[PDB]
Amino acid sequence: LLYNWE
Amino acid sequence: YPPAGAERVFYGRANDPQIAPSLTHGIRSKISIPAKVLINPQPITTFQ
Amino acid sequence: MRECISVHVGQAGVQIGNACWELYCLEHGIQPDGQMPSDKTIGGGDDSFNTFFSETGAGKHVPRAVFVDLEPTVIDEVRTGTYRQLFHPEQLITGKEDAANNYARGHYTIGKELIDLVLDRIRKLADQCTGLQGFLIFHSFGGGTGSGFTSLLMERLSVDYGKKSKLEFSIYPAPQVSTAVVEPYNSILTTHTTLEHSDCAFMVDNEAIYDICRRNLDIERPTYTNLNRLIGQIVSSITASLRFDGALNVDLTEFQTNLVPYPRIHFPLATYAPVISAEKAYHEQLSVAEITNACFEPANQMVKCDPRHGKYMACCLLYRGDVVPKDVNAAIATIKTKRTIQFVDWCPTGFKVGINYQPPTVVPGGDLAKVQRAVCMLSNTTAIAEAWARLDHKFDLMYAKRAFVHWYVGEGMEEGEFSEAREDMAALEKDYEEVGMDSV
Amino acid sequence: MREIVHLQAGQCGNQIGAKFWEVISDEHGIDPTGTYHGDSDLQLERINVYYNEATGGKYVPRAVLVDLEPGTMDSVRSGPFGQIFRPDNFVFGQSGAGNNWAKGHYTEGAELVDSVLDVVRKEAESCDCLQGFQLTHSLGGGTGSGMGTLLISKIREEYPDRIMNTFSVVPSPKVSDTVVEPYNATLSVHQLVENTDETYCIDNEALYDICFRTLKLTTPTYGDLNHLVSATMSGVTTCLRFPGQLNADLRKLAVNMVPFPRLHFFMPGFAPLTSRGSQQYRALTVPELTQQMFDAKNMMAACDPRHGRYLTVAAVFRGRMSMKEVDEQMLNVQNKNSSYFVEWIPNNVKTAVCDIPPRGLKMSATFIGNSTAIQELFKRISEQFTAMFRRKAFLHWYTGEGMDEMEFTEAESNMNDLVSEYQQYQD
Amino acid sequence: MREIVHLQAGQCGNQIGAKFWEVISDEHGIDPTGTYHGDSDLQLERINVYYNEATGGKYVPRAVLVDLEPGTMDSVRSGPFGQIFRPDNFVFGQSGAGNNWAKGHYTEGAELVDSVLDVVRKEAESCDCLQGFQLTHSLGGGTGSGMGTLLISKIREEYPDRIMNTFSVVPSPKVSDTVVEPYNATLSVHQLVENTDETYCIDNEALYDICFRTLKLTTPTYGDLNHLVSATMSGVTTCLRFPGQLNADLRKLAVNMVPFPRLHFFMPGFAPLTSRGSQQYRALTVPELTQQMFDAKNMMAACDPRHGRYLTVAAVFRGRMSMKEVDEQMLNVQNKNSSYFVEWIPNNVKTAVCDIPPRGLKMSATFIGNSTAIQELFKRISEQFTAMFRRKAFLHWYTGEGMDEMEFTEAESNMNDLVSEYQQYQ
Amino acid sequence: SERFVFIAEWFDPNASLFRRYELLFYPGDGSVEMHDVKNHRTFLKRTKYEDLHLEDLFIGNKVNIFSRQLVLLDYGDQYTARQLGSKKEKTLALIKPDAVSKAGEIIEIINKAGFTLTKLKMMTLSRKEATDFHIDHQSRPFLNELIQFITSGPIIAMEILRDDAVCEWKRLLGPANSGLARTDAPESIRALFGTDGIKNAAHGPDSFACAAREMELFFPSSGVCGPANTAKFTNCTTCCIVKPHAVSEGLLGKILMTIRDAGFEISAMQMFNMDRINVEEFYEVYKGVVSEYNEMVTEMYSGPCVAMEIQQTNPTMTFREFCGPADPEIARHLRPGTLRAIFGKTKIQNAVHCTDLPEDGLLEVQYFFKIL
Ligand SMILES: Nc1nc2c(ncn2[C@@H]2O[C@H](COP(=O)(O)OP(=O)(O)OP(=O)(O)O)[C@@H](O)[C@H]2O)c(=O)[nH]1
Ligand SMILES: Nc1nc2c(ncn2[C@@H]2O[C@H](COP(=O)(O)OP(=O)(O)O)[C@@H](O)[C@H]2O)c(=O)[nH]1
Ligand SMILES: Nc1nc2c(ncn2[C@@H]2O[C@H](COP(=O)(O)OP(=O)(O)O)[C@@H](O)[C@H]2O)c(=O)[nH]1
């Protein structure tokens with residue numbers, strides 16, 4: 001779950 | 001030792017291998033059903 | 001038409017706040033992704049779920065919950081799990097680091113970045129919903145994230161919204177055990193800035209629930225799947241007369257007039273009577289006039305204090321289930337003839353009940369058995385006054401020579417609030433002593 | 001001709017006052033669907049009292065359904081007879097019924113009082129002669145004892161001659177489920193003893209204890225007490241819609257009852273109540289009901305008779321009986337109790353015999369007392385106020401909503417005029 | 001009955017019209033082999049606007065596709081839609097224009113218009129009654145701004161009655177992709193005002209915003225920014241093509257919007273934009289569409305509308321709808337933000353209603369608008385020009401192909417006096 | 001829990017619009033509830049109600065709730081569809097010419113088997129509809145006697161809905177030939193009843209698919225159905241019987257035995273009526289005279305009637321005084337031989353409703369099947 005995970 | 005897992009109820013030696021038909025049904029007694037509201041105050045009628 | 005809005009801030013609130021929505025989805029028919037099973041239809045008449053759910057255009061039911069924490073570890077714990085489909089993906093606001101027990105962080109440095117965005121969700125839901133009745137925040141007094149950051153969310157609604165009562169719930173910072181060192185420093189901090197902007201602030205002590213699990217239950221060594229499932233029962237029965245119809249139903253606007261006598265006595269307790277497993281309730285009987293007496297047991301309170309040294313001020317015995325309203329006045333006068341249960345003299349009546357026509361329920365997998373009745377008693381007592389004598393005593397002994405103060409002063413904090421807040425919890429104790437002191 | 005306009009305010013009277021519309025509509029024979037469903041012909045030709053008609057000849061009631069929150073208008077649209085009311089004069093509201101007198105009057109009551117008078121007018125200006133206002137309220141909260149005052153103080157400026165007979169539940173002597181009570185109730189008795197011309201009383205405690213002693217019930221719910229009150233109010237409004245031999249309207253009851261202007265709170269009742277097992281071992285005469293009228297344990301009030309010398313007992317009989325048996329047995333109970341009737345009134349009692357029995361029993365009646373024992377209900381609630389005022393214990397909300405401190409002295413001072421002006425004629 | 005002649009030029013145009021001509025294939029149920037396999041019967045009703053008839057039930061468009069180099073229409077035939085576009089309607093040159101105006105306007109694109117005008121005048125007289133024209137072309141390049149402005153010039157010389165519309169690809173003012181943008185875009189807007197009635201200005205800097213913050217795609221191409229431009233093209237004619245509650249044609253929004261001969265530079269838009277992952281949490285209703293298209297972050301040119309006052313604002317709608325709820329929403333956006341309109345027109349908003357929403361939608365709308373804050377789309381080009389005219393920065397290209405400097409000097413006296421009309425009213 | 005939901009349909013009398021609601025029933029506690037599918041707000045709130053029964057929860061059978069009459073039209077649910085409609089199947093039967101004088105014991109056997117009788121009506125079919133019954137049959141045997149019995153003797157068509165109706169009808173019927181059934185000697189409707197094998201019996205379909213063909217042959221859509229199967233008059237056309245609710249009680253077989261006793265014939269039965277208009281049309285003589293008229297039209301509002309034309313047979317006992325006095329308790333005071341003392345179930349609303357004046361029987365019968 002980095003930047004822009006979902 | 002209570003460790004039948006972290007979250008478990010410690011069951012006794014005889015109570016563990018016996019029958020366990022207790023988790024299903026309800027627990028409390030009842031609310032007792034009396035006679036109806038208007039049966040005592042007002043009945044039916046019949047002419048003959 | 002009778003909706004309420006919930007936020008969950010900090011790990012101790014969002015993880016109870018996990019356990020709030022197991023129970024709510026199972027009271028109604030919603031399968032946990034948000035879609036109805038559709039093998040069974042429901043008639044178009046009922047509007048029960050609108051207290052906590054808002055169904056979309058097609059078929060999905062959407063909650064009222066803004067799960068915010070400035071950490072990723074507990075939100076992405078839910079966002080990848082088995083409950084990820086329920087919420088709005090723009091509701092799940094997160095950030096960069098925890099407040100890490102720094103009120104100088106959660107209110108001054110890091111907490112002020114997302115605070116212009118997290119109010120935009122509380123503004124969004126309440127724009128769409130009209131008959132709003134209150135707030136259900138879930139926090140804790142202890143850490144700097146659940147207590148430093150909720151006070152920012154507490155004062156921005158008071159300037160913006162105002163007249164709506166604001167019903168937060170919290171975990172009390174305990175007498176006996178703890179899991180920090182700056183918690184006596186921290187719990188005094190939320191009192192100074194929220195007390196002028198709050199109309200209700202409940203509390204629960206967590207290690208009493210440890211010992212309820214040993215006596216009423218048979219649970220030795222309880223985890224936190226277990227304590228947060230007892231918190232869920234209490235909140236779902238305070239919030240049951242708005243989504244279910246009963247004999248004696250109370251809106252959330254009477255919960256502030258009848259329960260807050262003076263403008264600084266609004267911190268009451270809670271308890272729940274039939275926490276019984278299957279191996280004992282199969283042997284017990286549980287009628288109405290004998291679950292009400294169990295509510296006054298010192299072995300049934302959710303907060304370790306002494307009710308025998310506390311003169312009860314304003315009980316409010318909320319019931320559920322298959323109960324009949326003669327039996328309460330059989331039970332209530334039985335309680336008020338008892339010699340040990342001391343009340344307040346100058347309060348003439350000091351009682352309230354609520355009877356509803358919906359039973360208690362159990363999330364499957366837990367310990368609990370099928371109980372026909374449930375009492376959720378909110379006890380406004382005198383007994384919690386001496387639990388303020390310990391935490392102020394827990395504050396000042398490191399404040400004799402100012403321990404851990406140099407971590408606060410890094411992130412834009414002065415010492416000056418610490419001295420100004422200690423008389424503020426000394427002004428709070430002098431009013432709990434005078435109410436039990438009778439007028440001769 | 002002869003009519004009564006109706007409203008239903010508060011939660012307590014909304015359930016009871018809509019339990020009224022079945023004890024009416026089964027005697028007269030109306031189906032829930034609005035069609036006539038009667039057995040006999042005699043109970044159709046005085047239907048213009050409570051009911052306005054509808055096109056096609058179906059029948060709708062005169063009622064007004066207004067309370068602060070839409071919770072209970074979804075409870076009185078209910079199963080038995082919800083279809084009959086007019087859907088236009090249903091009134092709801094938005095803000096909470098938070099038991100505050102400014103929520104009764106100043107804050108929430110202001111927006112409705114323009115609309116909720118025009119529901120009295122639209123059912124009264126289309127009439128010939130107005131005779132009664134029947135309002136089912138309570139005396140506990142700002143829901144029912146802030147709206148019960150509001151919907152009658154406005155009216156008295158424009159409908160001043162006629163009679164306004166409400167029906168109100170008084171607080172119980174043991175435990176009340178509201179804690180905020182005498183800020184409103186003593187502020188509502190300032191208008192109810194002034195504006196109204198008759199105003200009833202009902203305990204909740206005595207309503208339970210009839211069910212255990214005489215009825216020998218096991219489990220009295222809240223569905224039972226509705227019936228026990230709805231039958232009394234539907235028996236005292238029968239000489240105005242039945243044939244009879246000694247007939248009195250609601251303004252006969254203005255000159256019969258009250259001797260001094262501010263003493264008009266009466267004590268209801270109903271005579272032939274019994275159990276199931278003891279029916280075959282009970283006989284029905286005019287002397288055998290008369291004991292059960294004058295039974296100390298058949299009233300709706302907890303006050304013992306020893307404090308009470310009755311002023312004007314009016315037992316309205318209903319059945320096929322004898323007019324001498326009525327008159328000899330409404331006097332043979334009086335010489336036997338000399339000290340418990342006043343010496344400055346020579347005939348202390350009054351009857352009324354009618355022609356149509358209730359549905360179910362061949363003969364019944366309705367006691368209505370007027371006692372000097374009701375100071376015990378007066379000494380209770382005036383004593384709750386004095387300790388709570390000096391604390392200003394809950395006055396933060398009413399002052400926050402806008403009720404000044406100098407008016408709570410005045411309301412108890414004028415509630416003190418309901419014992420002081422009572423004590424002159426006690427002796 | 002009222003057909004549409006479509007024009008294309010450049011390689012900037014022919015990636016857009018290749019994406020324009022597939023949503024028409026989507027909405028009319030046209031498969032990429034020329035036939036029709038849609039399940040409706042109203043889609044086959046007015047098929048004739050974009051689909052000429054042939055043998056075998058084949059439906060092939062009224063399409064013109066032009067460039068000066070063969071290197072682009074090889075790829076248009078090699079796309080996903082090869083069999084539909086007409087082989088006689090690929091007019092081609094040999095030498096690319098190469099970011100210059102007179103390469104297409106005076107020499108190499110000028111010798112080739114006599115083969116384009118053969119195609120059009122044969123085709124446009126095969127229509128039983130044409131409604132008008134449309135163009136999507138590059139102001140940035142050398143073929144669209146060079147050659148295509150002749151086709152706006154010479155075809156209008158033939159029929160002055162019909163309507164000229166332009167899906168102009170105007171350059172961004174911030175980040176530039178060619179060092180002669182303040183010449184090819186400056187000189188092209190010298191002939192737009194005597195000649196063209198509808199002018200839709202489109203910026204890619206304005207559209208790199210929308211496919212990130214609103215559709216939530218981290219890797220956007222042109223082909224997923226071309227579709228929103230290809231959304232608003234078929235989003236204009238929604239009411240001529242289908243029945244409904246209030247139909248409107250392309251003369252009906254060229255009368256409600258442009259009160260003057262020279263104030264006709266529109267500002268495009270599109271209403272229902274939400275992420276791909278979160279599509280099923282929104283409620284696609286009437287208040288959701290209007291709350292987006294009245295904002296600055298749903299705008300297809302890169303000028304903030306808040307710095308001026310709209311003279312006139314158009315709209316169109318689609319889908320089954322309750323007309324009073326829009327009527328409540330159009331007065332609210334005229335009563336609340338009354339400072340964002342001029343006070344010297346009574347009514348500023350028009351609406352028109354179709355019946356069938358697109359395949360996969362329920363409620364659709366498209367935003368077209370006159371606005372006097374389009375000056376910042378033209379003053380940045382008009383201040384770029386005189387910062388290089390005074391240093392004579394590239395004039396040897398232009399003089400050595402058949403131009404002057406008096407064809408340069410008057411092309412900002414038009415561009416200044418254009419803004420010297422918009423300025424007074426805001 | 002475990003509610004069963006249905007879609008209900010009521011004709012509003014003042015503004016004559018057909019209204020659609022959603023009713024809910026809660027087995028095991030007696031509750032009902034009613035929302036509106038047309039407008040989503042709740043008009044009727046939840047109530048308890050005692051008279052409704054799980055056997056009355058069948059699609060089509062018209063049940064009164066709170067003095068409103070409604071027919072359950074749809075299945076709004078997959079749960080109750082799976083719970084009931086997969087089991088409740090229909091079977092077709094027909095009383096042939098021989099079984100009219102022996103129908104009581106067969107109908108009692110059907111009521112002991114527990115099939116719910118929807119429509120059981122005498123019929124005399126037309127030429128094409130009569131030939132469509134015999135179009136399917138073809139074999140070696142000569143069926144001249146059976147064909148003449150079908151084309152000459154009157155018959156009745158009946159529909160029985162039950163759980164595995166075809167299987168229970170086959171197990172109750174047994175063997176096909178009369179001599180073979182008597183040789184097998186089991187207790188069966190074919191062994192005890194029926195004449196001469198294929199001459200006459202109570203009809204039984206071979207398969208669940210062929211039951212549709214048999215039902216379409218015997219009772220098709222009412223184009224050429226035939227309104228009458230009995231003579232309009234025989235100089236004593238003066239006895240009308242009707243059974244609105246005791247058919248739901250189930251004593252129809254026993255009262256057929258008691259009317260077969262003492263040598264009384266039965267002529268024609270049918271089961272179609274509108275709840276109000278048809279009854280009003282012939283309760284017209286009763287309109288001015290009778291008291292408790294509301295109740296005497298309410299227990300005909302309640303259910304369908306197997307209403308039956310009958311003639312006077314012997315003058316020794318009049319059929320009206322066999323029917324008895326107007327009250328069952330007066331009947332039990334006077335004589336147990338009265339049909340109210342045997343069967344009467346309401347205070348004035350007797351089990352068999354008759355006519356009093358002997359003149360109007362002919363006109364009532366001609367109304368009841370010649371006109372209708
Ligand atoms: N009820 C409950 N309380 C918990 C749980 N986990 C931790 N706590 C309590 O939370 C207290 C710390 O308060 P918090 O402010 O929530 O901790 P924190 O600062 O939010 O930690 P971060 O989420 O990393 O920022 C501890 O003293 C625990 O008693 C839990 O699962 N349930
Ligand atoms: N008959 C009847 N009485 C009720 C019912 N529910 C509540 N009550 C009475 O209403 C009282 C509540 O106090 P009340 O004056 O109505 O509070 P308020 O509604 O805020 O004005 C209780 O003491 C009950 O006696 C009900 O369902 N039926
Ligand atoms: N969004 C988008 N922009 C495009 C597309 N095609 C070209 N452009 C822009 O067009 C400009 C170049 O045009 P150009 O090729 O020189 O025009 P031509 O020489 O006449 O074909 C560049 O600035 C691109 O950003 C497209 O399909 N989508």
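Just so you know, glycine gets a Cβ as well, placed from its N, Cα and C.
Listed as Cβ neighbours of the motif 'MREC motif' (C:1-4) (distance under 8 Å, sequence separation of 6 or more from its ends, same chain) are residues 47, 50-52, 54, 64, 129-136, 239, 242-243, 251-252. Among the features that Swiss-Prot reports, motif 'MREC motif' is placed at C:1-4.
The GTP binding site annotation in Swiss-Prot covers C:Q11, C:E71, C:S140, C:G144, C:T145, C:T179, C:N206, C:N228. In three-state terms derived from DSSP, C:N206 (GTP binding site) belongs to a helical segment.
The Cβ of C:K40 (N6-acetyllysine) lies under 8 Å from the Cβ of C:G29, each on the same chain and at least six residues away in sequence. According to DSSP, C:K40 (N6-acetyllysine) is assigned to coil rather than to any helix or strand. Annotation source Swiss-Prot lists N6-acetyllysine at C:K40, citing similarity to another entry.
Taken from Swiss-Prot, the feature Mg(2+) binding site covers C:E71. If you take the C-beta of C:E71 (GTP binding site) and look for same-chain residues 6 or more apart in sequence within under 8 angstroms, you find C:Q11, C:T94, C:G95, C:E97, C:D98, C:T145.
Same-chain residues at least 6 positions away in sequence with a Cβ under 8 Å from that of C:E254 (active site) are not found in this chain. Per Swiss-Prot, the feature active site maps to C:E254; the stated evidence is similarity to another entry.
For C:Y282 (3'-nitrotyrosine), the count of additional Cβ atoms within 10 Å of its Cβ stands at 16 [all protein chains shown]. Feature annotation from Swiss-Prot assigns 3'-nitrotyrosine to C:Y282.
Secondary structure at C:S439 (phosphoserine), taken from DSSP and collapsed to helix, strand or coil, is coil. Counting every protein chain shown, the Cβ of C:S439 (phosphoserine) has 9 other Cβ atoms within 10 Å. Here Swiss-Prot flags C:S439 as phosphoserine.
If you measure from the Cα atom of C:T179 (GTP binding site) to that of C:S439 (phosphoserine), you get 42 Å. In this structure, the binding-site residues C:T145, C:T179, C:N206 were compared by how many other Cβ atoms lie within 10 Å of their Cβ, and the smallest count belongs to C:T179. Mapped onto DSSP helix, strand and coil, the motif 'MREC motif' (C:1-4) counts 0 helix, 2 strand, 2 coil.
Those recorded positions from C:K40, C:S140, C:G144, C:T179, C:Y282, C:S439 lying by chain F, with Cβ under 8 Å from one of its Cβ atoms, are C:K40. Rounded to a whole value, the Cα-Cα separation of C:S439 (phosphoserine) and C:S140 (GTP binding site) is 36 Å. The binding-site residues in question are C:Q11, C:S140, C:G144, and the one with the fewest Cβ neighbours inside 10 Å is C:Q11. Taken residue by residue with DSSP, C:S140 (GTP binding site) is part of neither helix nor strand, so it is coil.
Put simply, C:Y282 (3'-nitrotyrosine) is 28 Å from C:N206 (GTP binding site) when counted between their Cα atoms. Cβ-based neighbour count (10 Å, all protein chains) for C:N228 (GTP binding site) stands at 19.
Taking only the Cα positions, the spacing between C:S140 (GTP binding site) and C:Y282 (3'-nitrotyrosine) is 37 angstrom. By the rule that a residue counts when its Cβ sits under 6 Å from some atom of ligand 1, the recorded positions C:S140, C:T179, C:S439 yield C:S140, C:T179. For the recorded site, C:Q11 (GTP binding site), the DSSP three-state label reads helix. For the GTP site, whose annotated binding residues are C:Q11, C:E71, C:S140, C:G144, C:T145, C:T179, C:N206, C:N228, the maximal Cα to Cα separation is 23 Å. C:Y282 (3'-nitrotyrosine) sits 25 Å from C:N228 (GTP binding site), taking the Cα positions as reference.
Listed recorded positions C:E71, C:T145, C:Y282 compared with chain B at a CB cut-off under 8 A give C:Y282 as the close ones.
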